[PDB]
Amino acid sequence: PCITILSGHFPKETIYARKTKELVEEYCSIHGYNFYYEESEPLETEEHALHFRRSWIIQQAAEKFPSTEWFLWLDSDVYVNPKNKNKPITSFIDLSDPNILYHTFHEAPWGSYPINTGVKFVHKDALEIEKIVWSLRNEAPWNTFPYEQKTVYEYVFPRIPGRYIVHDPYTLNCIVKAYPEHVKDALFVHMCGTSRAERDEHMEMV
Ligand SMILES: [Mn+2]
């Protein structure tokens, strides 16, 4: 399928995010995926609004790449494992069921929520849903942690029974501290919960 990977970060001075951007862009070039990257400074800078911004950036990606079938959001703290950069996304996940609108990933047993949306596949037919997710950013309880992640799991999922899958995260949302043993074989490696300087240091070793 036509896949558009999207992400974003501000400011440009944040080195780890420059590096993850580079690796994602390279990965897209290898497999012919579209790549959308939001470099603008957010107008709403509170923690909740920052987390929700992915559901606004997806519309940017849809406008730029109208032929997209699958949108793939990656946090700026996610990168493509160099060992696996020559392998397409479809070698790791089956996107053939026409009924699915979201592919998401758990973070068990080490995490704190049933899904981790640092990596999130959204079908083109869920763009109007993402518009709703964005609209909920300033309404309780969706404006409370974990924000868009809670909104997807607790607002969206109940309303689309059978049209989402929660997958093991070992290859596609491979949280570094939680699944160190799987990092080597992952496609998407997720530097979740760590500081900027810690991320800079990790990326230097990549
Ligand atoms: Mn993250």
Side-chain angles (χ1 to χ4, degrees), residues 3-42 45-47 49-54 56-58 60-61 71-93 103-113 115-121 145-149 167-206:
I3 293 162
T4 293
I5 305 186
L6 60 143
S7 190
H9 198 87
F10 182 89
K12 66 182 169 51
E13 282 72 31
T14 299
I15 296 308
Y16 78 81
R18 191 172 49 74
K19 291 181 168 192
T20 62
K21 180 200 179 179
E22 283 167 6
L23 297 184
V24 181
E25 190 154 16
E26 179 197 9
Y27 182 72
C28 290
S29 77
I30 293 168
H31 303 283
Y33 307 138
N34 307 127
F35 179 57
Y36 183 84
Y37 196 78
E38 186 70 34
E39 292 172 45
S40 67
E41 178 171 14
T45 51
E46 290 177 84
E47 181 178 285
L50 291 174
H51 191 277
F52 272 95
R53 200 166 199 238
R54 64 195 75 196
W56 180 86
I57 300 166
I58 200 172
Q60 297 283 73
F71 293 91
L72 172 55
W73 168 263
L74 302 180
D75 282 1
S76 55
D77 41 84
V78 171
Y79 64 94
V80 173
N81 176 11
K83 176 197 171 300
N84 280 144
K85 75 173 191 190
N86 297 126
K87 295 174 178 175
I89 285 166
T90 47
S91 64
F92 293 94
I93 183 165
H103 288 93
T104 58
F105 308 91
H106 73 77
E107 52 173 23
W110 315 112
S112 54
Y113 199 70
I115 60 172
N116 180 298
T117 53
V119 180
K120 178 181 71 165
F121 288 83
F145 181 90
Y147 312 123
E148 166 272 2
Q149 183 169 281
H167 292 97
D168 287 338
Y170 312 127
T171 59
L172 294 164
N173 192 349
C174 188
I175 294 171
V176 42
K177 282 177 166 190
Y179 311 111
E181 73 274 17
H182 292 277
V183 170
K184 70 185 187 193
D185 288 332
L187 176 60
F188 298 131
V189 178
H190 181 183
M191 302 177 295
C192 189
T194 55
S195 76
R196 295 172 205 158
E198 287 157 18
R199 291 170 172 168
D200 287 357
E201 189 153 39
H202 190 269
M203 293 308 298
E204 283 173 32
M205 287 177 280
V206 176

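In what follows, residues are counted from 1 in the order of the sequence shown.
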**Request:** Inspect the surroundings of NZ in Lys184 and state if more than 12 heavy atoms from other residues, nucleotides or ligands are less than 6.0 Å away.
**Result:** no
**Prompt:** How many angstroms lie between atom SG of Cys192 and atom NZ of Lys177, to the nearest 0.5 angstrom?
**Reply:** 10.0 Å
**Request:** Using a 4.5 Å cut-off on heavy atoms from C-beta on, say whether the side chain of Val80 contacts that of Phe188.
**Result:** yes
**Asked** Between atom CG of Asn116 and atom CG of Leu172, what is the distance when rounded to the nearest 0.5 Å?
**Response** 12.5 Å
**Item:** Any residue meeting side chain to side chain donor-acceptor pair (under 3.5 Å) with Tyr36, in chain and number order, not counting sequence neighbours
**Value:** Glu38, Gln60
**Any donor-acceptor pair under 3.5 Å from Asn173 side chain to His106 backbone** = no
Name every donor-acceptor pair, under 3.5 Å, that has one atom in a side chain of residues 27-35 and the other anywhere in the protein, sequence neighbours excluded.
| from | atom 1 | to | atom 2 | distance (Å) |
| --- | --- | --- | --- | --- |
| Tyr27 | OH | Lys87 | O | 2.7 |
| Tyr27 | OH | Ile89 | N | 3.2 |
| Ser29 | OG | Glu26 | O | 2.6 |
| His31 | NE2 | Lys85 | O | 2.8 |
| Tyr33 | OH | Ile89 | N | 2.8 |
| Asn34 | OD1 | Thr4 | OG1 | 3.0 |

**Item:** Evaluation steps, side-chain contact (heavy atoms from CB on, under 4.5 Å), between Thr194 and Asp77
**Value:** CA-CA 9 Å; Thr194 55; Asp77 41 84; over 6 Å; no
**Asked** Can you find a heavy atom in the side chain of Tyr79 that is under 4.5 Å from one in the side chain of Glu22?
**Response** no
**Asked** If you measure from CD on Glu107 to CG on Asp168, what distance do you get to the nearest 0.5 Å?
**Response** 13.0 Å
**Prompt:** Below 4.0 angstrom, N of the basic side chain to O of the carboxylate: do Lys19 and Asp200 qualify?
**Reply:** no
**Minimum-distance pair of heavy atoms, taken over all atoms of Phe105 and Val119** = CD1-O, 3.4 Å
**Contacts of type ring pair (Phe, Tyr, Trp, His ring centres under 6.0 Å), residue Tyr170, not counting sequence neighbours** = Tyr179, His182
**Request:** Indicate yes or no for a side-chain donor-acceptor contact from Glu148 to the backbone of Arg53 under 3.5 Å, with no hydrogens or angles considered.
**Result:** no
**Request:** Give the minimum heavy-atom separation between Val206 and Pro82, together with the two atoms involved.
**Result:** CG1-CG, 3.8 Å
**Fill in**
Closest non-hydrogen contact found for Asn84 with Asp185 is OD1-O, 3.1 Å
**Complete:** All heavy atoms of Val78 vs all of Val24, minimum pair found to be O-CG2, 4.3 Å
**Item:** Interatomic distance, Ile93 atom CD1 to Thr171 atom OG1 [nearest 0.5 angstrom]
**Value:** 8.0 Å
**Request:** Would you sort out whether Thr117 and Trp73 count as a side-chain contact (heavy atoms from CB on, under 4.5 Å), showing the intermediate values?
**Result:** CA-CA 8 Å; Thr117 53; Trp73 168 263; over 6 Å; no
**Asked** Which pair of heavy atoms, one from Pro42 and one from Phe10, lies closest together, and at what distance?
**Response** CD-CB, 4.2 Å
**Message:** Within this structure, what is the CG-CD1 distance for the pair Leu6 and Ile57, rounded to the nearest 0.5 Å?
**Reply:** 7.0 Å
**Asked** Is there a side-chain contact (heavy atoms from CB on, under 4.5 Å) between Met203 and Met191 once you walk through the steps?
**Response** CA-CA 9 Å; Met203 293 308 298; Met191 302 177 295; 3.8 Å; yes
**Message:** Between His51 and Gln149, is the side-chain contact (heavy atoms from CB on, under 4.5 Å) condition met? List the steps.
**Reply:** CA-CA 8 Å; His51 191 277; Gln149 183 169 281; 4.1 Å; yes
**Message:** Going by salt bridge (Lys or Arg N to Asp or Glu O under 4.0 Å), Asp75 matches just one of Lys120, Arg54, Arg199. Which one?
**Reply:** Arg54
**Request:** Quick one: sort the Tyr16 and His9 rings into parallel, tilted or perpendicular, breaks at 30° and 60°.
**Result:** perpendicular
**Asked** Can you name the closest pair of heavy atoms from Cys174 and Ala186 and give their distance?
**Response** CB-CB, 3.6 Å
**Request:** Determine whether more than 12 heavy atoms belonging to other residues, nucleotides or ligands lie under 6.0 Å from atom CD of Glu47.
**Result:** no
**Message:** Check this for me: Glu198, atom CD, are more than 12 non-hydrogen atoms of other residues, nucleotides or ligands nearer than 6.0 Å?
**Reply:** yes
**Request:** Would you give the length of the straight line joining atom CZ of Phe121 to atom NE2 of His167, rounded to the nearest 0.5 angstrom?
**Result:** 8.5 Å
